[PDB]
2 protein chains.
Amino acid sequence: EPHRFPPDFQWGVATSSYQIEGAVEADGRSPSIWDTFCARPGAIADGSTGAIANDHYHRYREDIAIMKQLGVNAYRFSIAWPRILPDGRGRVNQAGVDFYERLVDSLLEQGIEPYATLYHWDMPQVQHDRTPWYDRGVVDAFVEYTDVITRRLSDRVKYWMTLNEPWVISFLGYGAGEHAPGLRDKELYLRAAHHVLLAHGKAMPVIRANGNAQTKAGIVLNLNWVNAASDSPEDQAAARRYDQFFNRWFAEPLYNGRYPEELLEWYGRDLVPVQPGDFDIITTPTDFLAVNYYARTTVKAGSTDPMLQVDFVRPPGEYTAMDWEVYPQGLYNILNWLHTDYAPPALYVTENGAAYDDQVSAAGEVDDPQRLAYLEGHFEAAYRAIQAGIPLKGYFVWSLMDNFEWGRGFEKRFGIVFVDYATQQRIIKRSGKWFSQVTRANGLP
Amino acid sequence: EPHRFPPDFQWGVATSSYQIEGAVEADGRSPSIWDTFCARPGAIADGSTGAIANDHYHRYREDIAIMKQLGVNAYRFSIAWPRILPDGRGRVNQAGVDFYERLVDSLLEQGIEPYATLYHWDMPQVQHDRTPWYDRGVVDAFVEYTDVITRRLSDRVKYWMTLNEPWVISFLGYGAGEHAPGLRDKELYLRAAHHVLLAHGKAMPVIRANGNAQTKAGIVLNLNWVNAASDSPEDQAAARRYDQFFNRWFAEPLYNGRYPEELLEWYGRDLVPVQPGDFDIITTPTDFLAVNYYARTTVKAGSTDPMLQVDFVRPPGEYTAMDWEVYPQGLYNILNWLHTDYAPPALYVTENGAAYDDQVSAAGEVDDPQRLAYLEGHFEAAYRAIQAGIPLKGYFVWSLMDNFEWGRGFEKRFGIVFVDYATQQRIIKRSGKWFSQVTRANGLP
Ligand code: NI
Ligand code: NI
Ligand code: NI
Ligand code: NI
C-alpha cells in the first residue's frame with residue numbers, strides 16, 4: 001500500500017544543544033541560563049543537569065552515523081549561543097564556531113541537510129544578566145549573535161529557524177517559573193513574549209542578507225489541539241482563553257499584526273510593551289512555518305492555573321509517560337487550521353514524538369511499541385494533510401535519541417535511539433528501526 | 001499623673017542600609033540583590049532604585065544631629081554585607097568597615113546607643129549567586145560575615161540583631177516574588193525560611209564569642225494581629241493558617257523547636273529541609289526578642305492567595321497609605337502573647353510606624369496628624385504592656401526619615417522626618433516634633 005510522501009519530502013530527527021551536547025565548560029563555552037537553573041532545588045525532577053547529557057559535543061560523528069542508519073535526509077539541531085559568543089556579545093569564540101562547522105561539514109558529506117535553530121533556550125548567563133527576555137535590549141543582542149553565526153555558516157546552511165517555541169521561552173521561563181531563568185510573573189512573561197517576536201522579526205533580514213537566494217527562514221511554534229471539556233459557556237470560554245494563550249498568541253502577531261484581543265484585555269493590554277513599528281517588524285515575511293505538535297489538551301473552567309482560570313481534564317484515551325494525551329488527528333487539524341487561516345508557503349513538522357518508559361531487554365534491544373504506534377498515527381495524519389493540499393515539506397521526529405528533557409531531567413526518554421547514560425552507548429529502538437524503513441520507503445508503511 | 005515609661009527605657013528610631021545609604025558604588029561596595037532587583041520591570045512601583053536613597057552614606061553626621069533634635073537615646077540601623085565583604089566572602093573591605101566605625105563612634109559621642117542589624121535584606125549579589133537563601137551553604141556565609149564585623153565593632157556595639165523579618169526574606173523574596181531575588185515557589189520559600197533560622201542560630205555563639213559579658217543578641221520578627229473575618233469554620237481555619245504562616249512559623253522553632261504542625265502538613269513536611277541538630281541550633285538562647293508590628297490583618301477563606309487558600313477583608317476603620325489597618329490594641333495583644341507563650345527575658349519594639357501622604361506646606365512644615373495619632377495610640381499600647389509586667393525595654397519608630405520603601409519605592413513615606421528627594425533636605429515633621437517631646441518627657445504628654 002503506497003502511502004508514499006512527495007518525492008523531495010524531508011524526513012529528519014531533531015535535537016537541541018543543551019539537551020545533547022554536554023561538555024559545558026569545553027572550548028570557551030560560558031554557562032547558559034540552564035547551567036545555572038539546574039542548580040536550583042526542585043527545578044529538575046531527577047536532580048540532574050545538562051553537564052554531560054549525550055556528550056554529543058565529542059560524539060557527533062558517531063551520532064551522524066546513526067542518522068545514516070536511520071535513513072534521514074535532514075537533521076534539525078540548535079546552535080549554542082554560549083559557545084559562539086561566550087561573553088554574550090563581542091568577541092567571537094573561534095573554537096565554538098569550529099564545532100558547528102565540523103558538524104555541518106560532516107552532515108553535508110553524508111548527504112544530510114542541516115536545519116539550524118538559532119535559539120533553543122540556552123542564552124548565555126552573562127547575557128541574561130544584561131538583557132533578560134523581558135528587557136527590550138535582548139532583541140539587538142540576539143540579532144548580533146545571529147549575524148555572527150549566519151555569516152560563518154550561510155554558505156553551508158540554507159534552512160534557519162530563529163527561535164524555538166516562543167510560548168515556552170516566555171511563559172515557562174518567566175510566567176510559570178518551570179524553565180530557566182525560573183521567574184513567575186504575568187507581566188514578565190508578556191514582555192518576554194513580545195521581545196521574542198521582535199527578535200524573530202529583526203533577525204530575518206539579517207539571515208537573508210548573510211545568505212543567498214536559496215536561504216529559507218522561519219520561526220518554530222509549539223501548537224497542540226485544544227478542546228473544551230463540555231458545552232457549558234464557562235468551559236467554552238476557558239478553552240478559548242487557553243487556545244488564545246497557547247496557539248494564537250504568536251501566530252496572530254506573526255501573520256495579522258495583532259494579539260488575540262479577548263485574552264489581551266483579560267491580561268491588561270498595557271502589560272505588553274508594544275512600540276510603534278513593532279508589528280511591521282514582527283510580520284516580516286517568512287519562507288515557512290515550523291510546528292512542534294505533541295498532544296490534545298482539554299480544558300474546563302477552574303482555578304488550577306489562576307492566571308487563566310482553567311483546569312485540565314483527561315478524556316479517556318491513551319497517555320504517554322509525560323501525561324500527554326495521544327491524539328494524532330490533532331496534527332492534521334493544526335496543519336489544516338494554519339493552512340486555511342494563514343496560508344504559509346511551506347509548513348514543516350519540526351518536532352513530534354513521545355516518551356514511554358523504556359527498558360533494555362536481556363537480548364540488548366529496546367522494544368517500544370507504544371512509541372512506534374504513536375509515530376505511525378501521526379505520520380498517517382501528516383500524510384492525510386499532504387493529500388489535502390497542505391504544503392508540508394518535512395517531518396522531524398523528536399528526538400534522535402534520549403536526552404535531557406528539561407524540567408523532567410533524563411527520566412523522560414523521547415528518542416528513537418536509546419542512551420544508556422552509564423556508558424553513553426546508543427541502542428537503536430524498535431521504533432527507530434521501523435523509522436529506518438519509513439525513511440527509505442518514503443514512507444508508510 | 002504622667003504616663004511615664006521606665007527610667008532606662010530606650011526610645012529610638014530605625015532604618016536599614018539599602019533604604020537610606022545610597023552611594024551604591026562607593027568605596028568598594030558591590031551590588032546587593034536589591035541593586036539587581038530594582039532593574040526589573042514592575043518590581044518597584046514608581047520605577048525607582050536605592051542608588052541615591054537618603055544619601056546617608058555621606059550625610060550620616062547631619063542625620064545623627066537630627067537624632068539629637070529628636071531626643072532619642074537609641075538608634076537601630078543595619079550593616080551592609082556588600083560594603084564589608086564585597087566578594088561576599090574572603091577579603092574584608094576596610095573602607096566599608098570604616099564607615100560603620102565612624103557611624104558608631106559618632107553615635108556614642110552623642111550618647112546614642114547603637115542597635116545593629118546584621119542582615120536587613122541586602123545580600124551581595126555575588127554571594128547570592130553562590131548561596132541563595134534556599135541553599136544550605138548560605139548559613140556558613142552569613143556566619144563568616146557576622147564574625148568579621150562583630151570582631152571589628154563588638155567593643156562599641158553591645159546590642160546586635162541577627163536577621164530582620166525572616167518571613168519577609170523568605171516569603172516575599174522566594175515565595176511571592178515581591179522582594180529580591182524575586183522568586184515565587186513554595187519549596188524555595190520554605191527552604192529559605194529554615195536557613196534563615198539556622199543562620200540566626202549559628203550566628204549567636206559567634207556574636208557572644210566576639211563580644212563580652214555585656215553583649216546582647218536576638219532576632220527580629222515581623223508580627224501582626226490576626227483576626228478571622230467571621231466565626232465560620234472555613235474562616236477560622238483560614239485565619240489559623242495565616243496566623244501560623246505569618247506569626248508562628250519562626251517563633252515556634254525559636255522557642256519550642258518545631259514548626260506549626262497543621263500548616264506544615266498542609267504544605268508537605270518534606271519540603272522543609274530539616275536535618276538532625278537543626279532545632280538545637282535554632283533554639284540557641286537569646287537575650288531578647290525584637291518585634292516589628294504594624295497592623296491587624298483580617299482573613300477569610302478564599303482563593304486569592306492560592307498557597308494558603310485565603311482572602312483578606314478590611315474591617316470598617318482607619319487605614320494608612322499602605323492600605324494597612326490601624327489597630328494599636330494589636331501591639332499590646334502581640335506583646336502579651338509573646339510574653340505569656342514564650343517568656344523572653346526582654347522585648348523591644350524594633351519597628352512601628354505609618355505611611356501617610358505628606359505635603360510640605362507653604363510655611364515649609366509637614367503637618368501629619370494621622371501619623372501622629374498612629375504613634376500615640378501604639379505608644380499608649382506599649383505603655384499598657386509595661387504596666388502589665390511585660391518586659392518591654394525599648395521602642396524604635398520606623399522610620400527616622402522617609403526612605404526607599406522596597407517594592408513601593410519612594411512614594412510611601414514612613415519617616416517622622418520628611419525628605420525632599422530633589423535636594424536631600426530634611427524637614428522634621430510634626431509627628432517628629434511631637435516625638436521630640438515624648439523622648440524628653442520619657443512618656444506621653
Ligand atoms: Ni489509502
Ligand atoms: Ni492613666
Ligand atoms: Ni563621595
Ligand atoms: Ni536537601
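Residues numbered from 1 in each chain as written, not as in the entry; some residues may be left out. Chains lettered and ligands numbered in written order. Part of a larger assembly, values for the part shown. Heavy atoms only, no water.

The deposited coordinates, according to the entry record, derive from X-ray crystallography at 1.75 Å resolution.

> Before we move on, can you summarise the overall build of chain A with the specific residues and values?
A count of helices and strands for chain A gives 15 helices and 15 strands. The C-alpha radius of gyration of chain A comes to 21 Å, within 12% of the 22 Å expected for a compact globule of 445 residues. Taking the principal axes of its C-alpha atoms as reference, chain A extends roughly 55 × 55 × 45 Å. The burial tally for chain A puts 62% of its 445 residues in the buried class. (Helix = DSSP H or I, 4+ residues; strand = E, 2+ residues; numbered from the N terminus. Rg over C-alpha atoms; globule rule 2.2 N^0.38 Å. Buried < 20%, exposed > 50% of the residue type's maximum accessible area, 1.4 Å probe, protein only.)

> Account for the sheet that holds strand β11 (residues 347–351) of chain A, naming residues and giving values.
Residues and elements named next belong to chain A. Around the barrel, 8 strands lie side by side as β2-β3-β4-β5-β6-β8-β11-β12; this closed barrel has parallel pairing. Neighbour to neighbour, the strand axes of the sheet diverge by 25 degrees on average, direction disregarded. The pairing of strand β4 (residues 113–119) with strand β5 (residues 159–164) spans 4 bridges and is parallel. When the bridges of β5 are listed, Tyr119 appears paired with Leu163. Helix-sheet contacts for helix α5 (residues 94–109) involve β3 (74–78) and β4, and the interaxial angle to β3 is about 170 degrees. (Pairing = 2+ DSSP bridges. Axes fitted to C-alpha atoms, helices over the stretch in contact; angles between N-to-C directions. Contact = heavy atoms within 4.5 Å.)

> An account of the nonpolar core is requested, with residue identities and associated values reported.
Within the largest apolar cluster, 314 residues are counted, with the highest numbers of intra-cluster contacts made by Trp34 and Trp133 of chain A together with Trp34, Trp133, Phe245 and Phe435 of chain B. Those residues in contact with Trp34 of chain B that sit more than four places away from it in its chain are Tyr18, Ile44, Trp121, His179, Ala180, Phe404, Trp406 and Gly407 of chain B. (Core = buried A, V, L, I, M, F, W, Y, C linked by side-chain atoms within 4.5 Å.)

> How would you explain the relation of the copies chain B and chain A if you had to name every residue and give the values?
Rotating chain B by 180 degrees about the axis while translating it 0.0 Å along that axis superimposes it on chain A, leaving an RMSD of 0.2 Å. The operation mapping one copy onto its partner corresponds to a two-fold rotation axis. Most of the interface of chain B is mirrored in chain A: 100% of its interface residues are interface residues there too. (Least-squares fit on C-alpha atoms.)

> Please provide a residue-by-residue account of the interface of chain B and chain A, values included.
Counting from both sides, the interface comprises 11 residues of chain B and, opposite them, 11 residues of chain A. A combined buried area of about 990 Å² lies between chain B and chain A, and 60% of that area is made up of carbon and sulfur atoms. Contact with chain A buries surface across chain B, with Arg40, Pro41 and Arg184 of chain B losing the most and accounting together for 50% of the total. Along the contact surface separating chain B from chain A lie 0 salt bridges. Applying the counting criterion to the chain B and chain A interface returns 1 residue pair in polar contact. Of the residues belonging to the side of chain B that touches chain A, the class tally is 5 nonpolar, 2 polar and 4 charged. (Buried area = accessible area lost by both parts, 1.4 Å probe. Salt bridge = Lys/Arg side-chain N within 4 Å of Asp/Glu carboxyl O. Polar contact = N/O pair within 3.5 Å; in protein donor to acceptor, adjacent residues only side chain to side chain. Nonpolar A, V, L, I, M, F, W, Y, C, P; charged D, E, K, R; others polar.)

> Give me unusual backbone geometry: which residues, what numbers.
At the junction of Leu444 of chain A and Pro445 of chain A, the peptide bond is cis and its omega measures out at -5 degrees in the coordinates. Along the polypeptide, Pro445 of chain A turns up in the segment after β15 (443–444). Each neighbour pair has its own omega, and for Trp398 of chain B with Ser399 of chain B the value is 5 degrees, a cis peptide bond. Although it is not a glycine, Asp323 of chain A sits at a positive phi angle of roughly 60 degrees. Mapped onto the secondary structure, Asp323 of chain A falls in the loop between β10 (310–313) and α13 (329–342). For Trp406 of chain B, which is not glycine, the phi dihedral falls at a positive 55 degrees. Note that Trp406 of chain B resides in the loop between β12 (392–398) and β13 (417–420). The exposure class of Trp406 of chain B is buried, given its relative accessible area of 3%.

> If you had to explain the packing of helix α9 (residues 186–210) of chain B against helix α10 (residues 233–256) of chain B to someone new, which residues and values would you point to?
Residue and element names in this part refer to chain B. At a minimum axis distance of 11 Å, the contact between α9 and α10 shows a crossing angle of 40 degrees. Relative to α10, the element α9 lies oblique. In this structure, α9 meets α10 at a crossing whose hand is right-handed. Across from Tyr189, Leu190, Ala193, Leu197 and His200 in α9, the residues of α10 making contact are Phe245, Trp249, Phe250, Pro253 and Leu254. (Parallel < 35°, antiparallel > 145°, perpendicular 65-115°, else oblique. Left-handed = near helix turned anticlockwise from the far one by under 90°.)

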